[PDB]
Every structure is written in structure tokens, then in C-alpha cells.
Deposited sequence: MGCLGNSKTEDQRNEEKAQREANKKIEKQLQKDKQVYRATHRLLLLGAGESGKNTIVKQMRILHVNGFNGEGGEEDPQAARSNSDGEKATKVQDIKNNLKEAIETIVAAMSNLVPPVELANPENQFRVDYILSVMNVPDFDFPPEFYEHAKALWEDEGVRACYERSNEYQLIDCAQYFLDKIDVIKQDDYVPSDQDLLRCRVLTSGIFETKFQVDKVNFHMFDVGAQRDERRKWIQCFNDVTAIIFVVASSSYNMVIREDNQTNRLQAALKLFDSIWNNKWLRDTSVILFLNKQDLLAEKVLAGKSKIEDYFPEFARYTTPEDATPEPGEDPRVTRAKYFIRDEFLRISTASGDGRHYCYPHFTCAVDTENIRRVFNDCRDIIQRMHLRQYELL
């Protein structure tokens, strides 16, 4: 009949308009960058959000690149179910307090679970080791935290490749590189997927963490593209 023809024409017109809107939003979706700020407890997430009801959003754009930062606020401690929701993000900003119980061991046991998840094994991780000053005075105060919470700190020496501290304590720099090496050995034990880890030492509260995040995301995207072209 003619009525059914009119209905079909209207349906095709609606489909065309909806497809136009979907195509217009596709460019925005593919242009923006999504990051999941996943801190292991109170380790500087508040001050990190300052410098840059269930979930939070902080739309900050740098060098005409749009960024999404998702902070999981009101969710329960049970992370094994809603973390599969975040396997499409570009990177997982991970925040560790390098200072109730041993927080570093909990951070390591969360980090390797994230690394070895079968859905998150394609997602890169960016590490921010806050409380550098706190670790500095903890080491300088002769407090027995690292040397007895990690028995392997005794037979550890600072790597000869990296020593950029101007005048910081050699014990402090050894502790920093020991923690970074622990996270790096967790990351490099398993090369199951196609994800990388970028450990950083967040010490200054200046506007440098944003630059670090931008450079890490640029590296992640470049590696993903080169891998897709089989060059890398």
C-alpha cells in the first residue's frame, strides 16, 4: 500500500538522521582520550585531581588534546566486577603512596592483578609514586619501614644508569629506585599482552604531572599504531 511506503520512507529518514548524528559523534569519541585514575587508597588522588557520587569527571585538555579522567569514588572495595568496564581506556593512571597495614604490598597485589587480568591485559598502566618528600624524611629519620618490610632491600644497589638527583640523599634515591624496580619486575614478569608500564616519580606539585601524562599517552598511541602496522 501507499501507507506502508510512507512509513518505510519515514523510517529511512529517521535512520539517516540518526546515522548522521552517530557519525558526527564518532569523531569526538575517537579524538578524546580516556584515563582511569585508580589510586590504591589515599595516596595523593585528591591533590592530583586538584592540580589537574559514584564516579567523577575532570575534563582537562592539553595541546588541543581532550582528556577524560575517571575517579571511582563511591564504589565498594570489590573491584573484580566493575573493572572490566574500563578495558577500553587508553591508560590506567595508578597512584602509589611511597611512604593501617603495609600499603606498598597492597599496591603491588593490586597492580599485578590489574596487569594479569585477561581483559585488562591490553591496557597500559602509568605509575605515579607520590609522597617522595614523605619517603625522604622517613628515610632520614631512621624509621624502620622499608628495610624490615622488604627483606631484599639490604642486598640492593642503585642502578648505574639513573642518578638525576641534584643533592638528595643516596639512601632516599636507593629507596625510590627499589620501589620502582619492584613495580617494574611485576610489569616485566609477564609479557602476555601488548601493554606497557611508565613509572614516574611525582615529587613536585608543579604542573608537570599533566605533561608526563600527555607524553605517556602520546607514547601509548604511537606504540599502538606502530604495532597495528606491524612496524614495532
(message) Comparing the deposited sequence against the modelled residues, what ranges come up empty for C-alpha?
(response) 1 to 8, 61 to 204, 252 to 261
